[PDB]
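Asker: First, the structure itself, so that you have it in front of you.
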Amino acid sequence: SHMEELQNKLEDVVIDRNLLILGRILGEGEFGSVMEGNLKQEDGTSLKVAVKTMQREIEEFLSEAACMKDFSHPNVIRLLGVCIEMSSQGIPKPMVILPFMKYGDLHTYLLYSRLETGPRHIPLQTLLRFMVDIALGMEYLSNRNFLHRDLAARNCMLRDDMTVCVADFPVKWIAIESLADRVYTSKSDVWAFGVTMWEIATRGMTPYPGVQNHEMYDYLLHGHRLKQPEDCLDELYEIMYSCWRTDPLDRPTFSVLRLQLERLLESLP
Ligand SMILES: CNC(=O)c1sc(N2C[C@H]3C[C@]2(CNC(=O)c2c[nH]c4ncc(Cl)cc24)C3)nc1C(F)(F)F
């Protein structure tokens, strides 16, 4: 039964606050903060973790976390669990526990690769491998009919073995139909994926250079799309362009995109 399966997922997702130690702030936004932490594991040893801090909304957070914790794919970030701490003002402070990624987010990695002390120049073959990794994570989520809604290179994390995983599930990433009638589908995530592939191929450029966020709906409506990057194969550009076809039904699925990206990668020496 669907209910008993949700009750199990809820029991599995909560981490006792005594098993966690909070460290330094890694990042701090408006919606919350990211801190380093230590999680005491079942095997009696501690693991370095990243801790993100934000009745109905609490239950909704828990239910959503219970679903994400259930995800099991190498290209999807693992949710280790959640804690609910209470602020001095009696305001709930939900915390989400994730593996710590020393390499950080993909967008920052890309930008650092263009600096001397940062990682070395990323070869085309490795940039394509990052695209395959994200398509695999998205294929997993779309098959489970789970919408990401904020896919961008900044929301992709690099693991220690250089595997990319999708995480955190922005006008220049939003599909033409979601700007026009609030409609959001799996084909809208395919559009954001095309935009993300373009960010990887330009090594971190902000999409639509020279175009202002308020000019975006008019720009797309008139048929304009992201331009081909200088260091990008024609085969790759066609793939990212197929993500931005006006009619969402004409856009390929993540499965189709993944296979095209894998084939192009295999074709490279
Ligand atoms: C220069 N990079 C940054 O400032 C970024 S980007 C980012 N995120 C992108 C998306 C929102 C998300 C929050 N973090 C995680 O979910 C992490 C899981 N595991 C990690 N291990 C390390 C780190 Cl740094 C982060 C995480 C995923 N968070 C930072 C942070 F933490 F520094 F504030």
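Residue numbering restarts at 1 for every chain of the structure tokens, chains are lettered A, B, ... in their displayed order, and ligands are numbered from 1 as they appear.
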Using only C-alpha atoms and all ligand atoms, find each residue with an atom at most 7 Å away from ligand 1 and format the answer as an mmCIF file with C-alpha atoms, in the first residue's frame.
Answerer:
data_model
loop_
_atom_site.group_PDB
_atom_site.id
_atom_site.type_symbol
_atom_site.label_atom_id
_atom_site.label_comp_id
_atom_site.auth_asym_id
_atom_site.auth_seq_id
_atom_site.Cartn_x
_atom_site.Cartn_y
_atom_site.Cartn_z
ATOM 1 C CA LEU A 26 30.443 26.927 3.589
ATOM 2 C CA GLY A 27 27.829 29.235 1.961
ATOM 3 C CA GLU A 28 24.948 31.470 3.018
ATOM 4 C CA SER A 33 22.870 28.120 4.667
ATOM 5 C CA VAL A 34 25.274 25.250 3.916
ATOM 6 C CA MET A 35 27.653 24.143 6.709
ATOM 7 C CA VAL A 49 28.956 15.762 5.382
ATOM 8 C CA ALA A 50 27.393 19.024 4.006
ATOM 9 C CA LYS A 52 21.843 22.538 4.293
ATOM 10 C CA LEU A 98 24.315 15.274 2.069
ATOM 11 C CA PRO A 99 27.738 13.750 1.198
ATOM 12 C CA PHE A 100 30.533 16.345 1.232
ATOM 13 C CA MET A 101 31.926 17.073 -2.259
ATOM 14 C CA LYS A 102 35.490 18.484 -1.966
ATOM 15 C CA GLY A 104 32.243 21.544 -5.228
ATOM 16 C CA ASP A 105 29.667 22.493 -7.866
ATOM 17 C CA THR A 108 32.597 26.877 -10.113
ATOM 18 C CA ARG A 154 25.542 25.421 -10.501
ATOM 19 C CA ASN A 155 23.135 22.674 -9.189
ATOM 20 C CA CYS A 156 25.361 19.779 -10.379
ATOM 21 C CA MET A 157 28.001 18.504 -7.958
ATOM 22 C CA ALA A 167 21.505 18.079 -6.851
ATOM 23 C CA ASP A 168 19.065 20.764 -5.449
#
Asker: Run DSSP on the backbone and give me the residues of region 47-155 of chain A it puts in strand (DSSP E or B), as JSON, numbers by chain.
Answerer: {"A": [47, 48, 49, 50, 51, 52, 53, 76, 81, 82, 83, 84, 85, 86, 92, 93, 94, 95, 96, 97, 98, 99, 105]}
Asker: Could you save those same residues with C-alpha atoms as a compact mmCIF listing (two decimals), in the first residue's frame?
Answerer:
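So result_37.txt came out as:
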# COMPACT_ATOMS: atom_id res chain seq x y z
CA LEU A 47 31.75 10.86 7.88
CA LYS A 48 32.34 14.43 6.63
CA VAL A 49 28.96 15.76 5.38
CA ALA A 50 27.39 19.02 4.01
CA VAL A 51 24.37 20.25 6.04
CA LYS A 52 21.84 22.54 4.29
CA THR A 53 19.51 24.58 6.57
CA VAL A 76 21.84 11.66 -8.43
CA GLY A 81 18.85 12.18 6.01
CA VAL A 82 17.12 15.13 7.70
CA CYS A 83 17.02 16.70 11.25
CA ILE A 84 14.42 19.17 12.49
CA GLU A 85 15.93 21.71 14.92
CA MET A 86 13.85 24.53 16.48
CA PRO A 92 11.33 25.26 12.60
CA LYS A 93 14.82 24.89 11.13
CA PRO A 94 14.83 21.79 8.88
CA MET A 95 18.32 20.46 8.03
CA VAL A 96 19.21 18.21 5.10
CA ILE A 97 22.34 15.96 5.28
CA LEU A 98 24.32 15.27 2.07
CA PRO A 99 27.74 13.75 1.20
CA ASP A 105 29.67 22.49 -7.87
Asker: Considering only C-alpha atoms, can you say which of A:78, A:114, A:172, A:148 comes closest to residue 225 (chain A)?
Answerer: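 Looking at the shortest contact to residue 225 (chain A), the residue is A:172.
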Asker: Would you pick out the contacts of residue 137 (chain A) at 7 Å or less, using only C-alpha atoms, so that residues sharing its chain but fewer than 4 positions from it are not included, and give the list as a list in words?
Answerer: residues 73, 75, 76, 133, 141, 165 and 166 of chain A
Asker: For residue 247 (chain A), list every protein, DNA or RNA residue within 10 Å, evaluated using only C-alpha atoms, and leave out those in the same chain fewer than 5 positions away; present the list as an mmCIF file with N, CA and C atoms, in the first residue's frame.
Answerer:
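Once written, part-v8.cif looks like this:
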data_model
loop_
_atom_site.group_PDB
_atom_site.id
_atom_site.type_symbol
_atom_site.label_atom_id
_atom_site.label_comp_id
_atom_site.auth_asym_id
_atom_site.auth_seq_id
_atom_site.Cartn_x
_atom_site.Cartn_y
_atom_site.Cartn_z
ATOM 1 N N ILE A 176 10.322 28.116 -22.811
ATOM 2 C CA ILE A 176 9.392 29.062 -23.432
ATOM 3 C C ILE A 176 7.911 28.905 -22.929
ATOM 4 N N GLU A 177 7.438 27.672 -22.658
ATOM 5 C CA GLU A 177 6.047 27.443 -22.216
ATOM 6 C C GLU A 177 5.836 27.760 -20.734
ATOM 7 N N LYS A 187 9.717 17.794 -20.250
ATOM 8 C CA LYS A 187 10.243 18.475 -21.436
ATOM 9 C C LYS A 187 10.780 19.876 -21.100
#
Asker: Given only C-alpha atoms as the basis, pick out the residue of A:264, A:192, A:117, A:32 nearest to residue 234 (chain A).
Answerer: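 Of A:264, A:192, A:117, A:32, the one nearest residue 234 (chain A) is A:264, counting only C-alpha atoms.
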Asker: For residue 259 (chain A), list every protein, DNA or RNA residue within 10 Å, evaluated using only C-alpha atoms, and leave out those in the same chain fewer than 5 positions away; present the list as a short mmCIF file (atom, residue, chain, number, x, y, z; two decimals) with C-alpha atoms, in the first residue's frame.
Answerer:
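The file below, around_3.cif, is the result:
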data_model
loop_
_atom_site.label_atom_id
_atom_site.label_comp_id
_atom_site.auth_asym_id
_atom_site.auth_seq_id
_atom_site.Cartn_x
_atom_site.Cartn_y
_atom_site.Cartn_z
CA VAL A 132 26.47 12.14 -20.18
CA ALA A 135 21.66 13.06 -18.69
CA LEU A 136 21.94 9.72 -16.76
CA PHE A 254 16.41 12.24 -21.43
CA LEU A 264 29.14 11.05 -29.66
CA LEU A 265 31.49 10.43 -26.69
#
